[PDB]
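# Structural characterization, general
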Amino acid sequence: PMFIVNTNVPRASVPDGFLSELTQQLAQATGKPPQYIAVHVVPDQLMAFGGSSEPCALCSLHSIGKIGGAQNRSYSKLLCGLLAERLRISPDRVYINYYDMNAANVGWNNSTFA
Amino acid sequence: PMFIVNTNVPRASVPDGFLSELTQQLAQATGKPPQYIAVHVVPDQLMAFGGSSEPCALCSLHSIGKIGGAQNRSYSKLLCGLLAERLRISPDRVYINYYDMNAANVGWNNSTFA
Amino acid sequence: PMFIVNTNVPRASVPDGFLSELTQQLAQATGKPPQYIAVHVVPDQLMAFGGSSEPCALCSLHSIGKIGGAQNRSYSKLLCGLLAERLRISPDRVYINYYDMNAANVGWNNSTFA
Ligand SMILES: COc1ccc([C@H]2CC(=O)c3c(O)cc(O[C@H]4O[C@@H](CO)[C@@H](O)[C@@H](O)[C@H]4O[C@H]4O[C@@H](C)[C@H](O)[C@@H](O)[C@H]4O)cc3O2)cc1O
Ligand SMILES: [Cl-]
Ligand SMILES: [Cl-]
Ligand SMILES: [Cl-]
Ligand SMILES: [Cl-]
Ligand SMILES: [Cl-]
Ligand SMILES: [Cl-]
Ligand SMILES: [Cl-]
Ligand SMILES: [Cl-]
Ligand SMILES: [Cl-]
Ligand SMILES: [Cl-]
Ligand SMILES: [Cl-]
Ligand SMILES: [Cl-]
Ligand SMILES: [Cl-]
């Protein structure tokens, strides 16, 4: 799976260890081995949410399965909780888009997961 | 909804008020309150369109509904017009990908919209 | 079509000619004219793959058609090969998400391709 967070919070406000915390928390939440979790954090972005440039985040989670109504509610509480605690972003200033990928549409290691 | 524009135009060429203009114009275009609109502009990118690194843009619009044939043509005219007027990017050097998100796949405020 | 590569490799390690090579190889691979191929490379990113910050890449290819099981295996071999040769990223530290876009959902030049 792949998790991306884009935020206007400055880089120095991203704690050391945040990428590893995302990796391990998402490995547990998706049930997949951590070796398959990729995480990407993009701070210092020029962004606005509802017109305001207070701290906000736009995120995505792509996974081959493990995506659905109840699962995404659970991921949203987990991820909003992490963004609030670690980056000080209010949960009502976060959007997370969830993508259930077909294995044939995810390339890796010269091939795909199909 | 969420609108992202990635461009090779330099940061200093992005006018004051650009995020705000996008927020209110996308609010009008989607018919949604400005408080729902998130916008993200990424200047100074290493990008090419047709092999040329003249000014160009790669963009996305994600919305729960309000995405379709005629609607997307109207969004493209609006957004290309803004990129041309404000960033001086030719419309034939802009791509915008449109995504009609299911409410269950959009997380916000510790939950989703399902 | 559009191809985006996000990587933690530093900008100085992206060789001259890289965007052009991507443009030309993707035109050839997809069968589409090079004038319509857009490419975007994002170095210096804060990213991990499997929990490690060794060089890695997260990429996407969006195309109106020319996406499918065998085609995507072929694109992955091509694109991982380029990333290994030019950016010195191991193919097993690359993900590429593939998107078969409907023409109505790709904006360009004040309209869409529908
Ligand atoms: C086609 O179907 C749908 C299409 C679109 C949507 C979306 C899009 C989204 O972006 C969105 C949003 O951003 C905020 C939003 O807010 C309100 O939803 C009501 C109930 O709807 C209340 O419960 C309020 O509490 C109210 O919640 C808040 O108002 C916010 C602006 C504040 O930040 C927050 O603190 C609280 O004051 C509702 C939203 O709806 C949902 C759908 O089902
Ligand atoms: Cl996955
Ligand atoms: Cl970190
Ligand atoms: Cl942890
Ligand atoms: Cl599953
Ligand atoms: Cl579920
Ligand atoms: Cl898919
Ligand atoms: Cl996109
Ligand atoms: Cl919406
Ligand atoms: Cl969706
Ligand atoms: Cl295409
Ligand atoms: Cl992607
Ligand atoms: Cl195929
Ligand atoms: Cl589509």
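The following refers to the structure shown.

For the rest of this paragraph, the subject is the sheet that holds strand β4 (residues 57-63) of chain B. As summarised here, the arrangement of the 7 strands in space is β3(A)-β2(B)-β1(B)-β4(B)-β5(B)-β6(C)-β7(C), forming an open sheet in which the pairing is mixed. Unpaired on one side and paired on the other, β3 (46-49) of chain A together with β7 (111-112) of chain C mark the two borders of the sheet. For strand β6 (residues 106-108) of chain C and β7(C), the ladder comprises 2 bridges, and the chain directions are antiparallel. Residue C:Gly107 lies in a different strand from β7(C), and its bridge partner there is C:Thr112. Against the sheet, helix α1 (residues 18-30) of chain B makes contact with β3 of chain A together with β1 (2-7), β2 (38-42) and β4 of chain B, and its axis sits at roughly 140° relative to β2(B), the strand it touches most. The sheet contacts of helix α2 (residues 69-87) of chain B involve β1, β4 and β5 (94-100) of chain B together with β6 and β7 of chain C, and relative to β5(B) the element is tilted by about 140°.

The description of two aromatic rings rests on the distance between their centres and on the angle between their planes. In this structure the tally under the stated criterion is 15 aromatic pairs over all chains. An angle of 5° between the planes, with centres 5.2 Å apart, marks the rings of A:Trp108 and A:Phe113 as stacked. Classification of A:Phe113 as partly exposed rests on a relative accessible area of 28%. Ring-pair connections join several aromatic residues into one group, and the members of that group are A:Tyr36, A:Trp108, A:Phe113, C:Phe49 and C:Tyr95.

Right, let's talk about the relation of the copies chain C and chain A for a bit. Of the transformation superimposing chain C on chain A, the axial component is 0.0 Å and the angular component is 120°, with the fit at an RMSD of 0.2 Å. Taken together, the turn and the small shift mark the pair as related by a three-fold rotation axis.

Residue and element names in this part refer to chain A. You can see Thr 7 is positioned in strand β1 (residues 2-7). Separated by 3.2 Å, the side chain of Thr 7 and the backbone nitrogen of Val 9 make a polar contact. The contacts of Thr 7, once residues within four sequence positions are left out, are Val 42, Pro 43, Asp 44, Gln 45, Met 47, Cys 56, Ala 57, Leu 87 and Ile 89.

This part takes up the environment of B:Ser60. Residue and element names in this part refer to chain B. Mapped onto the elements of the fold, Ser 60 is located in strand β4. Considered as a pair, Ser 60 and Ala 70 are 10 residues apart in the sequence and their alpha carbons are 17 Å apart. Among all residues touching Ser 60, those that are not within four sequence positions of it are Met 2, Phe 3, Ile 4, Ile 96, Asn 97 and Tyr 99.

Two orientations exist for strands paired in a sheet by backbone hydrogen bonds: parallel and antiparallel. Spatially, the 7 strands line up as an open sheet ordered β7(A)-β6(A)-β5(C)-β4(C)-β1(C)-β2(C)-β3(B), and their pairing is mixed. With partners counted over all chains shown, the strands left at the sheet margins are β7 (111-112) of chain A together with β3 (46-49) of chain B, one partner each. Looking at chain direction, β3(B) and strand β2 (residues 38-42) of chain C are connected through 4 bridges and run antiparallel. Residue pairing for β2(C): B:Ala48 is matched across the bridge by C:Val39. The strands that helix α1 (residues 18-30) of chain C touches are β3 of chain B together with β1 (2-7), β2 and β4 (57-63) of chain C; relative to β2(C), the one it contacts most, it runs at about 140°. On top of the sheet, helix α2 (residues 69-87) of chain C reaches β6 (106-108) and β7 of chain A together with β1, β4 and β5 (94-100) of chain C; it is set at about 140° to β5(C), its chief contact.

What follows covers the environment of B:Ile4. One can find B:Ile4 in strand β1. Taking the C-alpha atoms as reference points, B:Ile4 and B:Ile37, 33 residues apart in sequence, are found 11 Å from one another.

Here we come to the pairing of β5(C). Of all the 7 residues making up β5(C), 6 are buried; the element is thus mostly covered by neighbouring parts of the structure. Direction of pairing for β6(A) relative to β5(C): antiparallel, over a ladder of 3 bridges. Paired with A:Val106 across the strands is C:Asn97, a residue of β5(C). Sheet analysis places β4(C) next to β5(C), joined by 7 bridges and oriented parallel.

With that settled, the discussion passes to the interface of chain C and chain A. With 27 residues of chain C in contact, the opposing surface of chain A contributes 28 residues. Summing both sides of the interface, chain C and chain A together bury roughly 2200 Å²; the carbon and sulfur share of this comes to 56%. Sorting the residues of chain C by area buried against chain A places C:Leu46, C:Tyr95 and C:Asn97 first, and these three jointly supply 31% of that buried surface. Breaking the side of chain C that touches chain A down by element, the ones donating at least two residues are β3 (46-49), α2 and β5 of chain C. Sort the elements by how many residues they give to the side of chain C that touches chain A and α2(C) lands first, with 7 residues. In terms of residue class, the side of chain C that touches chain A is built from 13 nonpolar, 10 polar and 4 charged.

About the cut-offs
- Residues numbered from 1 in each chain as written, not as in the entry; some residues may be left out.
- Chains lettered and ligands numbered in written order.
- Heavy atoms only, no water.
- Residues with missing side-chain atoms left out of burial classes, pairs and counts.
- Pairing = 2+ DSSP bridges.
- Helix = DSSP H or I, 4+ residues; strand = E, 2+ residues; numbered from the N terminus.
- Contact = heavy atoms within 4.5 Å.
- Axes fitted to C-alpha atoms, helices over the stretch in contact; angles between N-to-C directions.
- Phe/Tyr/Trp six-rings, centres within 6.5 Å; stacked < 30°, edge-to-face > 60°.
- Buried < 20%, exposed > 50% of the residue type's maximum accessible area, 1.4 Å probe, protein only.
- Least-squares fit on C-alpha atoms.
- Polar contact = N/O pair within 3.5 Å; in protein donor to acceptor, adjacent residues only side chain to side chain.
- Buried area = accessible area lost by both parts, 1.4 Å probe.
- Nonpolar A, V, L, I, M, F, W, Y, C, P; charged D, E, K, R; others polar.

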